[PDB]
Number of protein chains: 2
Amino acid sequence: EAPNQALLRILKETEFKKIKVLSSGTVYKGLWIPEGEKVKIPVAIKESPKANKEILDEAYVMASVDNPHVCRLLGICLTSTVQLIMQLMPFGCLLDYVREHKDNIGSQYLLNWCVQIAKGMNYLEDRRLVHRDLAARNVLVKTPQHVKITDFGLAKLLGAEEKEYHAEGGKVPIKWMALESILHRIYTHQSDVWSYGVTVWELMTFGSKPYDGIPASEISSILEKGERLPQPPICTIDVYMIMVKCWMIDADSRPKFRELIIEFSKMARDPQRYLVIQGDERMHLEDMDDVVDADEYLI
Amino acid sequence: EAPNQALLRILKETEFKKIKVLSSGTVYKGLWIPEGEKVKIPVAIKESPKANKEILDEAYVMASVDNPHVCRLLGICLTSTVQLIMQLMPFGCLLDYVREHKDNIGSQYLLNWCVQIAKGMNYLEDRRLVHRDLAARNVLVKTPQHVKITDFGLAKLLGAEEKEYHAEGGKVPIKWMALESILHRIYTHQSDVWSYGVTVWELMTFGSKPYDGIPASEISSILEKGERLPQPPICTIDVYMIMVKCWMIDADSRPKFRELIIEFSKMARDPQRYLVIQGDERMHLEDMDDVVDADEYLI
Ligand SMILES: COc1cc2ncnc(Nc3ccc(F)c(Cl)c3)c2cc1OCCCN1CCOCC1
Ligand SMILES: COc1cc2ncnc(Nc3ccc(F)c(Cl)c3)c2cc1OCCCN1CCOCC1
């Protein structure tokens, strides 16, 4: 179809200062001070011919997406060891965030996160991109009201009139996968819908593990036996029913992302009708002048 | 208003054995042997993206109702083809049952069925649910003394301060419909009252067809011409008068279900005063230890 005219920006190593380590093949929190632009941008910096190949395929995908609910790549640095520069998401990933803040999360936020994630996913679908790794661990938290989909490591831009992706053989997350994907390694936007269902379930149980203690090999048979993840205590049947629809064996019977936006919006507009959470109405979540968030830095 | 906290139960396909076919998109009589619970429950099992959508909207409604006179959903099975598991009603639907057993139905049973059906309908009204398809074909017979309202296919849970339901365009049963519903596609509990009147008429004539041989298009004009279904031979004017009240053009002038319970109870307490039926005082209607009826299976 259309030409991909995204720009890929190459950054000079001297344009950015690493501040502290966040993780360890080694991500830093840091600042990006482009050109002589009188801005400083908070960023996260990620720092074997297979490895380099992978990382540039990722940069390729992140470079091609532009949406308020998908992660923002600022550029790459071709230093001996390749660096990816992304928008800093100060609150980290949404799985840890619901784990660490359960006593403080109200229904309004849970439902907003579901709407935002369905918007990002609908946007990927429009771009004919299948994510293949949607999970709460792959959702970053810019602020508690603003999340973005990340981790484009398994993602696939569909070419042509390719309607599905047939994968080769790698390590792949079984507990978030559509059954067609597990059985036949086929991936569609419809199988992203299934992972969306699991992701919402992880949010609704405040971060609990799907099918905890079940080994991945059994998952296939359980699913065809017709079993699913159980209704989270906070969920009304309205919200659960939506999860279960995401888990229909017939892929075309699963809701579309665009429909998930509508359903979760309807509910977000009266949150306590749809999630029942104890204590809900009571829950709220140096040289620095030139600081500008990546979302405000458009070039 | 309130959060719907019904539970929706997902059953494992191996937890249930189909026994014989009852109908044909294909209902089976069978047994449900949950968990390792040392119980066996008699059940009926019902086995295109529109179709799946419909069936789950139904499961949604049946899951949200809990009353001795409304059908009992035990759960769903998300097998490639979706299965609904319900309580087995051994005597089938009440239309066929009055058709097949006319020489044996006394006034006591006729009046009890009217009370039970008004109780179920009053309970739906409390739940702000409009059934829209009340008819004797949609009443199941657990035992000759115990019937339950079924077929939630057209049913609508009213949200908000919605006082009516305005329907779109589908195939809808004209002979059981309130005139507002036919003319303007408006549905209230008050239009369920009208269908209640027709349903009682089908019971009182032992299963005969309302407006037999009249085509549905005429029905509107007949009704506004002021014509109604005729007084069944067995009915005293007491009982007929109640049918006719259910058929007033002014919807608010029709009785309430709660009032129908009272009226039919008064009559059930002296049945031969209100229905005159020839021969009334003379009419009566393997590995199995662990069998338990769904009504006794509360989880
Ligand atoms: C403030 O927290 C983060 C913000 C982040 N903001 C943006 N991106 C992150 N990760 C990330 C991931 C992939 C990348 F290519 C790049 Cl460049 C960055 C981030 C990772 C972040 O934290 C990593 C997870 C912190 N942990 C890891 C160890 O213990 C549990 C909590
Ligand atoms: C013993 O008879 C039934 C008991 C039933 N018990 C419970 N439910 C039934 N139907 C039903 C309807 C919808 C459903 F989703 C499910 Cl799961 C079950 C039943 C349907 C039953 O029979 C179907 C009607 C039998 N026929 C149909 C063909 O010839 C006239 C008589």
Side-chain angles (χ1 to χ4, degrees), chain A residues 11 16 18-19 21-30 32 41-47 54-56 58-59 61-62 71-77 82-97 99 137-143 147-148 150-153 293-294, chain B residues 11 16 18-19 21-30 32 41-47 54-56 58-59 61-62 71-77 82-97 99 137-143 147-148 150-153 293-294:
Chain A
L11 315 174
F16 57 87
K18 309 170 163 88
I19 294 318
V21 166
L22 293 162
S23 281
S24 242
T26 193
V27 184
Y28 305 92
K29 139 167 196 192
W32 173 41
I41 294 134
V43 290
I45 301 150
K46 194 182 203 183
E47 189 170 32
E54 269 165 26
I55 240 22
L56 288 159
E58 257 186 83
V61 187
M62 287 175 183
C71 60
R72 194 147 155 33
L73 178 65
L74 310 152
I76 54 173
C77 192
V82 171
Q83 295 178 284
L84 298 196
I85 304 91
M86 310 202 64
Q87 178 185 25
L88 183 60
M89 302 297 267
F91 296 88
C93 74
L94 184 56
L95 179 61
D96 282 12
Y97 182 98
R99 280 161 183 187
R137 78 184 96 97
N138 296 329
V139 172
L140 292 195
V141 185
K142 171 189 183 180
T143 71
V147 300
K148 290 177 188 200
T150 201
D151 204 325
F152 281 93
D293 181 277
Chain B
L11 315 174
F16 57 87
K18 309 170 163 88
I19 294 318
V21 166
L22 293 162
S23 281
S24 242
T26 193
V27 184
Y28 305 92
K29 139 167 196 192
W32 173 41
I41 294 134
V43 290
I45 301 150
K46 194 182 203 183
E47 189 170 32
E54 269 165 26
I55 240 22
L56 288 159
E58 257 186 83
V61 187
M62 287 175 183
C71 60
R72 194 147 155 33
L73 178 65
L74 310 152
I76 54 173
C77 192
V82 171
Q83 295 178 284
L84 298 196
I85 304 91
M86 310 202 64
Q87 178 185 25
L88 183 60
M89 302 297 267
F91 296 88
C93 74
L94 184 56
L95 179 61
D96 282 12
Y97 182 98
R99 280 161 183 187
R137 78 184 96 97
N138 296 329
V139 172
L140 292 195
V141 185
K142 171 189 183 180
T143 71
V147 300
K148 290 177 188 200
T150 201
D151 204 325
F152 281 93
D293 181 277

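Just so you know, ligand 1 is whichever comes first in the structure, and atom 1 is the first atom listed for that ligand. Each chain gets a letter, A, B and so on, in the order its sequence line appears, and its residues count up from 1. For the numbers below, each heavy atom of this structure counts, side chains included, while hydrogens, waters and symmetry mates do not.
Taking the side chain to side chain contact (heavy atoms under 4.5 Å, CB included) definition, one finds that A294(B) meets it with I41(B), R72(B), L74(B), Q87(B), sequence neighbours left out. In this view, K142(A) and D293(A), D295(A) satisfy the side chain to side chain donor-acceptor pair (under 3.5 Å) rule, not counting sequence neighbours. Residues that satisfy the side chain to side chain contact (heavy atoms under 4.5 Å, CB included) test with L140(A), not counting sequence neighbours, are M89(A), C93(A), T150(A).
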Table of N or O contacts for ligand 1, cutoff 3.5 Å:
{"from": "ligand 1", "atom 1": "6 (N)", "to": "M89(A)", "atom 2": "N", "distance (Å)": "2.9"}

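Atom CG of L94(B) and atom CZ of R99(B) lie 11.0 Å apart (nearest 0.5 Å). In this structure, CD on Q83(B) lies 9.5 Å from OG1 on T26(B), to the nearest 0.5 angstrom.
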Apply side-chain contact (heavy atoms from CB on, under 4.5 Å) to residues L56(A) and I76(A) and explain how you reach the verdict.
CA-CA 9 Å; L56(A) 288 159; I76(A) 54 173; 3.9 Å; yes
